[PDB]
Each structure stands twice: as structure tokens, then as C-alpha cells.
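In each ligand, atom 1 is the first atom listed, and ligand 1 is the first ligand listed. A note on names: the letters A, B, ... follow the listed sequences, proteins ahead of strands, and every chain is numbered from 1.
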There are 2 protein chains.
Amino acid sequence: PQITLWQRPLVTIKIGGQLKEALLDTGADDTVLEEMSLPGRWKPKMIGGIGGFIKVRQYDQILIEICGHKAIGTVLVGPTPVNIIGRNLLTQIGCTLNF
Amino acid sequence: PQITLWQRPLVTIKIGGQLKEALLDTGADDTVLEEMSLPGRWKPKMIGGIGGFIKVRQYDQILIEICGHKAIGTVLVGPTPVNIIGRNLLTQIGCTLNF
Ligand SMILES: CC(C)CN(CCNCCN(CC(C)C)S(=O)(=O)c1ccc(N)cc1)S(=O)(=O)c1ccc(N)cc1
Ligand SMILES: [Cl-]
Ligand SMILES: [Cl-]
């Protein structure tokens, strides 16, 4: 599709059998979601910027569906104020910026 | 242009006669720049970041060029990790997300 930026570009994702709303964020290196369970190994990470840093758990090789697009990648999990889809997954669905 | 996301979408902007590098950030509602001098009066604004809310300076109707595309809009100034171009100016230059 073609997504306008007049409004926040929010999309439905499916992960861990869960449906969630998330922000497509070209400025985010990696996907980070609010607290949830994910299977497999993880390692701690600090991510931050405006207003500071937050501690997250990094899970790798996680399956996700974005707008019906299937993709695999890293998912960070922690106290983000909003669910964000980062470049690491945006590239796999072939998402680009255009003007 | 068409910008893929395998690397950060960092572009050149021009503001106050000076070139700067900035991040095209669809996750950002508003544009926020590193501390700099701008003309006119400013008003206070609180923005919600990944680690918390912070105070920044709002300057309105400022000339800024993004990848050569001319714009005039609101620019916020404050302690941001990088210059960020948000949806207020992305919309202005006709930017969309596509997949
Ligand atoms: C400086 C940016 C490159 C840092 N980030 C990415 C840009 N997101 C842009 C949206 N933001 C809020 C976020 C909670 C949705 S923001 O705090 O940067 C913000 C707020 C207000 C305005 N006007 C401009 C920017 S990050 O969010 O810190 C981040 C860092 C690591 C990962 N893995 C994921 C997100
Ligand atoms: Cl103030
Ligand atoms: Cl504006």
C-alpha cells in the first residue's frame, strides 16, 4: 500500500499469536514492543534517546506479520511508550520512503 | 527520491543558511533539531520520547530545505540525539511510506 503521513502510520501486526497496533518508524533501527512473552533466548540491551534510555530484552529470529507481510527479525521488548516497527523489519516487507 | 531502509535515512537539510544531516523519522510527530539559533519568538512544548517527556523550544514558520525540497513550518529545538525530521515536514514535501 501507500501510507500517508498526515496521521501516525499505525498498522496491525501479529506476533506470538497476538494482534497488536504498532508505529512504522523509519527512525528506529530496531522493532521494540511493550512487555510481552516471546519464545527462545534473549539478551539485555539499553535503548534510548529523547527523555533517556530504557532497558529491553532482545529476541532474535522472531516471526512477525505486518499488513499480511511475513518477516523474521529482532524484536526488543520493554517499557516503550508505543509499539514501534523499526528498519530491521521494515526492510523485509520492502518498505520505502517516497517523495 | 525513493529511500530504502537498510541504513538510516539520513539526509542533508538546509536551515539558517547552513547544511546539516538529519533523520527522516515517520515515528516522530514533529521535527526536532539539535540546539541552534533561530529567528523570532518561541513557545514551550513538551514532547514524549522513548525514555520520558521533555521540554523543547517551538519556533514557527521557519524556512527549511530537506534534500533540496523547500519547506516552511514548525521546528522544535532541544537535546535530541540527532536532528529529526518528523511528519509535519514529511507531509509538506509529499512523503509517503510504500510497500
Ligand atoms: C533519535 C531517534 C533516532 C531515536 N529513536 C527512534 C525515532 N523514533 C521517533 C519517535 N519518538 C518517540 C518513540 C517513543 C515512538 S522520539 O522520542 O524520537 C520523538 C518524539 C517527539 C518528536 N517530535 C520527535 C522524536 S527512539 O524512539 O529513541 C528508538 C531507539 C531505539 C529503538 N530500537 C527504537 C526506538
Ligand atoms: Cl519553557
Ligand atoms: Cl509545520
Whether the side chain of A:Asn83 engages the backbone of A:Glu21 through a donor-acceptor N/O pair (distance < 3.5 Å, no angle test) should be reported. yes
Quick one: does A:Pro81 get within less than 4.0 Å of ligand 1, heavy atoms only? yes
Could you tell me which atoms of ligand 1, counted from 1 in the order shown, lie closer than 4.0 angstrom to a heavy atom of B:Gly48? 12 (C), 17 (O), 20 (C)
Please compare B:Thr31, B:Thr26, B:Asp25 and report which has the shortest non-hydrogen distance to atom 9 (C) of ligand 1. B:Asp25
Would you say B:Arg87's side chain and B:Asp29's backbone share a donor-acceptor pair under 3.5 angstrom? no
Can you tell me if A:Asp29 contacts ligand 1 (heavy atom of the residue under 4.0 Å from the ligand)? no
Donor-acceptor check, side chain of A:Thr96 to backbone of B:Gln2, threshold 3.5 angstrom: yes or no? no
Identify the residue among B:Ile85, B:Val82, B:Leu24 that makes a side-chain contact (heavy atoms from CB on, under 4.5 Å) with B:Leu10. B:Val82
Would you mind listing which atoms of ligand 1 come within a distance below 4.0 Å of any non-hydrogen atom of A:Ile84? 13 (C), 15 (C)
Given B:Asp30, B:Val82, B:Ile85, which one has a non-hydrogen atom that is nearest to atom 23 (N) of ligand 1? B:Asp30
Which class fits the ring pair B:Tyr59 and B:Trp42: parallel under 30°, tilted 30 to 60°, perpendicular over 60°? tilted
Within ligand 1, which atoms have a heavy atom of A:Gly27 less than 4.0 Å away? 3 (C), 6 (C), 7 (C)
Taking heavy atoms and a distance under 4.0 Å, where does B:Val32 meet ligand 1: side chain, backbone, both or neither? side chain
